[PDB]
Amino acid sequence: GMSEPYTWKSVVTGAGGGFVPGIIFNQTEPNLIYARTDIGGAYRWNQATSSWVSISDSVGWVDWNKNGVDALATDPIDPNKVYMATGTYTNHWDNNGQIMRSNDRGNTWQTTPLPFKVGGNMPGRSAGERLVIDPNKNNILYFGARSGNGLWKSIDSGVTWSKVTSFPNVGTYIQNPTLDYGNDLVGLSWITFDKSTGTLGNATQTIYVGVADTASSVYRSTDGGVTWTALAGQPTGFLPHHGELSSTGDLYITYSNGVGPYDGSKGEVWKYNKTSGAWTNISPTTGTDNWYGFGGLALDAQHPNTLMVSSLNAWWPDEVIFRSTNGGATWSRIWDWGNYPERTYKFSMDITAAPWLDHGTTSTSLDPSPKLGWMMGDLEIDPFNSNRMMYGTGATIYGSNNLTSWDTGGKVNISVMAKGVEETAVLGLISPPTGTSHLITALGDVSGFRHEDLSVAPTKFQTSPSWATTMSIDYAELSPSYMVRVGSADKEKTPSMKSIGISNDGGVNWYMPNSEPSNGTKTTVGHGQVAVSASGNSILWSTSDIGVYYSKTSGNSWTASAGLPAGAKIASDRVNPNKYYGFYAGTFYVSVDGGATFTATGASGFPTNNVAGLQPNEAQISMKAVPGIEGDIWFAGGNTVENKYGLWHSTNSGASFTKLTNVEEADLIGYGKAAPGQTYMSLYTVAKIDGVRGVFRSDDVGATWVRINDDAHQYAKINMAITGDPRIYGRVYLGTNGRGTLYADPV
């Protein structure tokens, strides 16, 4: 069992590229800020460099669900302490969650398993915070759970947790009762202490709790959590996203008719006075002027009658931030209509940290580029600096350092504030053997990028075609400037858009071919996997819906392949352009006529990742032919159910494989430049070798393996993508599901 020290760095996107449902300011120590994501763990802010530091990269393979951070609380009495409620899904895709605790601001963690599931990537994840510390008695914490598990509490600083059985409402709202995703109760929505009802060293007596129940959503305890009642006279019909208590004694609540993050077509904002019990509707828009929920809610701690709310979601032409300086009596919009369709703006967008955020499109008043945002469920004002705002969108963290310019006739300068954040899901990677780019990525949501300087954010979004998610990308090994990517075009927005993109200049410029695979009745929606012949004279497209198709006309025409079942994984030989390989349900296939016909080989023992009790990200199939060697294929994948799991090698074009006996488990395989004095390329694998899960390199065709990551650089379920660099020995590129792309070299 060996290991080699490596330097692990992020491939920089500048924006992060993912959803940030929560930003949490410490109420005591200035500039102590945390950010939580739905699939990529959490971050802590570094004021000296205006950047975020991940406090989650020790999360590994088995405990991968810890990177779903449903809630986070930072301790106002001892700011060194921070807690997280983690777990990713509450349906059959995940196991139970946990509460994690740290005494060093997230540098190290201890964990307490929960007897139920946590939903860091489930609906309503931007509602919160659902984990809070008693600001007068910091050994006390409360957690508002999902799925009907109700209210839970700790009195030993989060080490043990007990159900608050006296809480009367576990939730009634269900987002998708007829789907397998989100068919459970959303549950509790947020918890808020009233610090004035305690003193330092004495438990806070008044606690407010929001619940996802349109008929009765806001609750209070006035005896320290023993007895609970619904607030009299509260509004009904909506779902409270946040509840924030001003020092003036007013509780402000944003409401949407959904829990988000994607919906919300009606909304309200209310304020409740804790002394009189009076409810006041302070919705910025009502009636037909309102077509969106209200999500983000930010109080100004230094000016307790100043607050802001964000739409969730207005969509067109953009979202809206509303600001009030008189407790919600009147609101000022961050933009207004001038002479239609011209608009006026109280803000300026700065995306110089991630220029690709313009999606390659010029901005107009009715179609801004970049937009102010979307999925704006969390809006924050720095409690120690009224001029600092931060908010999360579906793509990045935005912020300002001159917010009060709003009040004095100026413009709020909004800029990307996501430095150090990487949150994309990586669906594919290629390291081109030639040209200025060593890495082209296939990403969810933001398509992917052709990188040059891995420390500089890309300037160009992938267009013509333009889509959200690239599912696969490949290049012609013998003509690496020829390159093909497939995703899923939005043909309701652009009915002429295609789900396949082709490049002749190594991914600097793409174009869309004339046709797509079609079975006469229906044209493919896209996605699936693509493979490009060694010479670039043909393309193989294993579509997601209508099976395997090939093109010998660079996408001008597609013909269905025979003998290879729909859903098969595919790969091209890197030397013989006539040779394609396929795999489906334990059977390996080979084509020798450019992908027109496939025949099964006798390769035996391959896993049929068909088993019943497998979570969506638990198993994988990684199959790649070797550059420069015809018929040399490596194969990684499987699962422990079937006891078919590891790394195989064929040198006879897949007629038979040898399973490496020194590799207990393997999920991905990739190739990089040969070590000095070696002729065969180095192997890179995500695997379990000699009892250790991690990333391994072999310079001797798999005879011996060295671990090139470590326990501080694991990145949760890393079964997404891996490749070496054909020009740089020792270099590895590692995809993740929520931490973007990493690259690493020996120290």
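Numbers for residues come from their place in the sequence shown, where the first is 1.
Checked against the record, the higher mean CA B factor of 287-295 and 520-528 lies with 520-528. Comparing 736-744 with 2-10, the higher mean C-alpha B-factor in the PDB entry belongs to 2-10. Take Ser682, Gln27, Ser56, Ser50 and read off each C-alpha B-factor from the entry; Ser682 has the highest.
In the deposited coordinates, the residue among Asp180, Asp263, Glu319, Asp358 with the greatest CA B-factor is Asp180.
The PDB entry assigns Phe598 a C-alpha temperature factor belonging to the highest third of its chain's modelled residues.
Ranked within its chain, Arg220 lands in the lowest third, by CA B factor from the PDB record. Per-chain ranking of the deposited C-alpha B factor places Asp63 in the middle third. The PDB entry assigns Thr704 a C-alpha temperature factor belonging to the highest third of its chain's modelled residues. Remark: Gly547 belongs to the highest third of its chain, ranked by C-alpha B-factor as recorded.
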